[PDB]
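First the structure, in the form of structure tokens, and then the observations on it.
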């Protein structure tokens, strides 16, 4: 007769990533000045 | 997630990754992806285009 | 491989009283241990998180395996749906039991108002009554009414306790639509006998865990989700259970002409 | 078409109606035990056979993949024909500015014939290889037909008889031999190195530089 | 009632039986199995068995199973048919599921299509170098046609000798595989530059002497490769047919000063005579004891198998395969010759122009005779194809150089209507059934096309 | 040539440009042997009824079968000879059972049959079906009478001829 076996397998842990905070408003002013 | 809702840049790269992985699954029939020549040669295309642009600017400076 | 299942409560008893009824999902033998240390939902990376969601969703089940009904856990079953769906399933059940279980372990009864649909069962030795003999051999245990029970031997038992083994396990099949069953059949049933109510009626349908309902024309059985191991109901909501292994009268007759060849 | 050879897998994904998963950006619920039930294929005869169960909606991926393959094969064939036709624009003999389109042809040859490594289906690979050699064949026949120089004739017949013979020798040798990882790496890099010049050279062919040099 | 006598086969045995033609197959399969098992056990042959799970079934010899609920009759079993008895292995199993799109794509493609492989790669290289060397040889021929230079002939000779030695070395060293067709492709490819090298040595302006010399030497080489190799002989049969006709024309233009029309009408006559003679000639050429290399069908029978015994079977099969291949090559060569002569005859700007159009129509019908008569699919298709190409070639030969809307409209109209009629004869006509008498009358009409050619051949000769 | 096969009888075969075999049979028999030109797989070239006598009344079937029209059948079988031997045993067993018996000839007896057919002239007849039993009647020391069946189309069409002395 055939064979069958139970098993237990832990799934791996997903990756983590810090959400970007977003650049402050003066940085945009500085960028525009630099291009100017 | 229908419609034109907002998306984060980490999702933009996540989609572009799944697009490249699907393209490699399409042209080749392997998905082991530790190295990928697709990127390398589209970078070579980018080098071609940027070199043509640069020489076009270098041509502009003559009068 | 015929008639190779065994009475005794070890080993084959895991499949002695159980019948394949269809095909459908089941939970795998691999058990998915929790993905511990899940990041918080703002830190969770979209791709790997979604992929793991899909893995848990789809590797939750094996698709298109045999779906089983245990005869030892319900006092009866009642079959709700179209007539030929119900009949085809019933013929399939009968032939499954006839192949898998010998006449000395399982005996069969059909109580009907339409014996032409049941004329094929005469060949199957499990319908042979060992007590009455005729020219053709053993008497066929097919009756045209519940009142036509001149047995009285399957009707002196007590109420039934669901198994967790009687000498023959009688399987009585009814499509007579007679109010007289509720006299010899209480709310709990008879000890060594399981029943199959064709032509689903409010008398037999008083337990949704016993009702196998053809919801789609192809023979999609819905019933209650049961544990793969204990056959016990896990939750009360009716859900997809199986697509029934319906079988034609000609195939049943052909199998019966095969089974009639043997006497062991 | 040079750009399009790099877009051809992505476009063949997109036209086949494969769509990559949505993302749970803000919904914050990750566990769904919905266990999608079997679609059931009715036996096409209807002849009382039991119906059969397929696993889910995802069974259409098996159709969409075969469609994507058929799109991709179509793309590569079409781009092949276009690039051969475009490299038929090399009419005049190589004296003057005319070695530049010949050089461009050589570069896009080398690019395609290496590009074939990336495509594993035999008709996509053969489509690229046949495109590559057809460039050289068309260029050579146009030189020998337009020009009446016997030296051009000798060069044309020489390349026509040697180059596919060299390809045959490469096909016989390469899959049996081992090679050094360094040689393998330079046989990668020769692809990129022969790919890169084609846009500057193309702008030389349009004389974009001279017009922008003087307009 | 109707009962059909049929053969049945199983267990490397064939038995003949009479089956109750209108009873369902499910009524009869079980005792037919018992009958077969009794007969096999009586023969000392190991009887049939069920292996694992599955079911017993009957098939047509083409492989399709019969519906068990249906009788013989309504699934079109007839008396004198053959049925094949099997135990079909159980088809059902769990359906797999790959939830990730990219992995599911990769696994389905890899499972279901075939990758490039070095076995294929060598054949591709051989094909491309064949195409290259035919372009080079045709190009040198074009240059010698245009210019009087003696120097192309050494180039053609040297490339021919290099590719021929390479082909010979591959055929000798690497004969061990059916990938010796690489060598066959190279040899086919390299006989052509040899032909143009010999042809270009003829001095003076190019013409008939160059043509007769090149076609003669190429046909001679194609005849030798029969006796030395005996492989891929249909294409060489077509080539030697074409070279025989071309050499006959070249000798007619050198020994005599005959006109082109006379020679084309001679060629057409030789064609229709050879079409009549081709099957007999093929059955002759079937037994020339050339080397024995099994072609694909014979190979793929001899993998399933080990004037008496199996050696007779092997010889009968190889002999038939050679016959069929010779016949197919002949018909292709004649088809080419027939269209090229009809194209050469029907100049529109000639006073006799009405006559060769009649020759075209007569030949068209005559070819359709053979097309309906000859058994092999690709020979009937050959005959039909050449018959159509007659019409197409003469139509274009008119309408290209005859600059008139009249001939244009006539050509394009017949060019679209005529193949639609050719389709119609099988598309609407029920299974192409006609009465035997009507068939024989059509055979009479297209035979009555033939004897008008004889005086017309005399009249176009003079 | 000769064979004994996995079948039941020994069978003589001759070959020259295709295979030849003959069966003897022992008033009128059935005419319907035309169907056996088209067996379940093989396709025979012709069925010829042959008869000779004065006294010495002998009656024969001689069969012609081209292997090259039958290659699809022969390829399934372990010999071309075994193929035609089986097909003639089929015809013999089909004829056998009635008052008339049938067997394949041994090739020695095939040469005997050829000798007796020779034993050392009128028109072929267009309409024949009634003729056979009276066409024996003209006075001769030897008559040979024979009928031919051939597959002109999906039917079978008939010709007969005779010679005397």
Take peptides A:6-14, D:13-21 and line them up by average Cβ neighbours within 10 Å, highest first, as a rough protection proxy. D:13-21, A:6-14
Cut-off 11 Å (backbone N to label point 7 Å along Cα→Cβ of residue D:94), residues of region D:106-129: D:106
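Looking at the protein assembly as shown, send over the antiparallel percent of its DSSP beta bridges, to the nearest 5. Each step should come with its number before you reach the end.
Numbers: 80 of 106 bridges.
That works out to approximately 75 percent antiparallel.
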Per the rule of 0.36 nm per residue minus the C-alpha distance, extending residue C:7 to residue C:113 adds in nm 34.9 nm
Under the rule a/c < 1.5 gives rounded, and otherwise a/b versus b/c splits prolate from oblate, where does region C:132-261 land using the Cα gyration tensor? oblate
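Counting partner chain Cβ atoms within 10 Å of every residue's Cβ in E:108-118, what's the average? It would help to have the intermediate numbers written out before the result.
Values: counts 9, 12, 6, 2, 5, 8, 4, 7, 10, 2, 5.
Average neighbour count from other chains, rounded to a whole number: 6.
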At q = 0.14 Å⁻¹, what base-10 log of I(q)/I(0) does the Debye formula yield for region E:234-377 when every alpha carbon is treated as an equal point scatterer in vacuo? -0.77
Taking only C-alpha positions in region C:216-264, Rg and Dmax in angstrom work out to 16.6, 45
The base-10 log of I(q)/I(0) that the Debye equation returns for chain E at q = 0.05, 0.06, 0.12 Å⁻¹, one scatterer per C-alpha, is -0.30, -0.43, -1.24
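Provide the packing ranking of E:12-25, D:147-160, i.e. peptides ordered by the mean count of other C-beta atoms within 10 Å per residue, highest first.
Values: E:12-25: 15.6, D:147-160: 17.4.
Most protected by this proxy first, the peptides run D:147-160, E:12-25.
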Give the peptides E:128-137, E:26-35, F:6-15 in descending order of average Cβ contacts within 10 Å, highest first. E:128-137, F:6-15, E:26-35
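Using the Kirkwood formula over every pair of different C-alpha atoms, what hydrodynamic radius in Å results for chain C? Write down the numbers at each step before the final one.
Values: mean 1/r = 0.0497 Å⁻¹.
This gives a value of 20.1 Å.
P(r) tail for the protein assembly as shown, what percent of Cα pairs lie past 59 Å?
Values: 295183 of 725410 pairs.
Above the 59 Å cut-off, the protein assembly as shown has 41 percent of its Cα pairs.
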The FRET efficiency for residue C:135 and residue D:63, from their Cβ-Cβ distance with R0 = 56 Å and rounded to 0.05, is 0.40
Residues of region D:22-65 with backbone nitrogen within less than 14 Å of a virtual label 7 Å along the Cα-to-Cβ line of residue C:239, please, listed as ranges. D:32-38
Between residue E:447 and residue C:145, how many nm apart are label points set 7 Å from Cα along the C-beta direction? 8.2
If the label point sits 7 Å along Cα→Cβ of residue E:103, residues of chain A with amide N under 12 Å come out as A:12
Just for the Cα atoms in chain B, what are the lengths along the principal axes, largest first, rounded to whole Å? 54, 33, 16
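Looking only at other chains, what is the average number of their beta-carbon atoms within 10 angstrom of each beta-carbon in E:308-314?
Working: counts 9, 6, 4, 1, 9, 12, 1.
Counting Cβ atoms of other protein chains within 10 Å of each residue's Cβ and averaging gives 6.
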Could you tell me the center-to-center distance, by alpha carbons, between region E:406-462 and region F:131-165 in angstrom? 41
Largest first and to the nearest Å, give the Cα extent of region E:382-462 along each principal axis. 45, 35, 23
Over the protein assembly as shown: helical MRE at 222 nm, DSSP H runs n ≥ 4 each giving -39500 (n - 2.57), nearest 500: -16000 deg cm²/dmol
Considering chain D as a Gaussian network with a 10 Å cut-off on Cα pairs, which listed residue, D:44, D:146, D:161, attains the greatest mean-square fluctuation? D:44
At q = 0.15, 0.18, 0.19 Å⁻¹, what log₁₀ I(q)/I(0) does a Debye calculation on the Cα points of chain F give, no solvent, two decimals? -0.86, -1.22, -1.34
Ignore the peptide's own chain and count Cβ atoms of other chains within 10 Å of each Cβ in D:28-38; give me the average, rounded. 6
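Indicate the gyration tensor shape class of region D:1-71 (rounded, prolate or oblate), computed on the Cα atoms with a ≥ b ≥ c the square roots of the eigenvalues: a/c under 1.5 is rounded; otherwise a/b larger than b/c is prolate and the rest oblate.
Working: a/c = 5.86, a/b = 1.30, b/c = 4.50.
Taking the square roots of the gyration eigenvalues as a ≥ b ≥ c, region D:1-71 is oblate.
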The rounded separation in angstrom of the Cα centers of region D:68-120 and region C:172-205 is 80
Using Cα centres only, tell me the gap between chain A and region F:1-42 in whole Å. 86
Please give the helix D:150-173 orientation as an angle from the longest Cα principal axis of chain D, in degrees from 0 to 90, rounded to the nearest 10. 40
Could you give the nm distance between label points at residue F:26 and residue C:38, where each point is 7 Å from its Cα heading toward the beta carbon? 9.5
On alpha carbon coordinates alone, what is the Rg over Rh value for region E:264-333, Rh being the Kirkwood radius? 1.12
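As an exercise, use a Förster radius of 51 Å and the Cβ-Cβ distance of residue E:354 and residue E:302 to find the FRET efficiency, rounded to the nearest 0.05. Mind dumping the intermediate values first?
Numbers: r = 56 Å, r/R0 = 1.10.
After rounding to 0.05, the efficiency reads 0.35.
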By how many degrees, 0 to 90 and rounded to 10, does the Cα axis of helix D:61-86 deviate from the longest principal axis of chain D? 10
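How much length is gained on full extension from residue E:440 to residue E:414, taking 0.36 nm per residue of separation minus their Cα-Cα distance? Could you put the intermediate results ahead of the total?
Values: separation 26, 0.36 × 26 = 9.36 nm, distance 2.69 nm.
Value of the extension gain: 6.7 nm.
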Percent antiparallel among DSSP beta bridges confined to region C:140-264, nearest 5, equals 60
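Is the shape of region E:357-411 rounded, prolate or oblate, going by the alpha carbon gyration tensor and its root eigenvalues a ≥ b ≥ c, with a/c under 1.5 for rounded and a/b larger than b/c for prolate?
Details: a/c = 4.15, a/b = 2.65, b/c = 1.57.
Prolate is the answer for region E:357-411, as a/c is 1.5 or above and a/b outweighs b/c.
Apply 1/(1 + (r/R0)^6) to the Cβ-Cβ distance of residue B:35 and residue B:15, taking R0 = 30 Å, and write down the FRET efficiency to the nearest 0.05. It would help to have the intermediate numbers written out before the result.
Values: r = 21 Å, r/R0 = 0.70.
So the FRET efficiency works out to roughly 0.90.
When we count neighbours, we look across all protein chains shown, and the Cβ atoms used for this are built from the backbone with ideal geometry, even at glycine. Taken together, the values in this text are just the output of simple stated rules run on the coordinates, not laboratory data.
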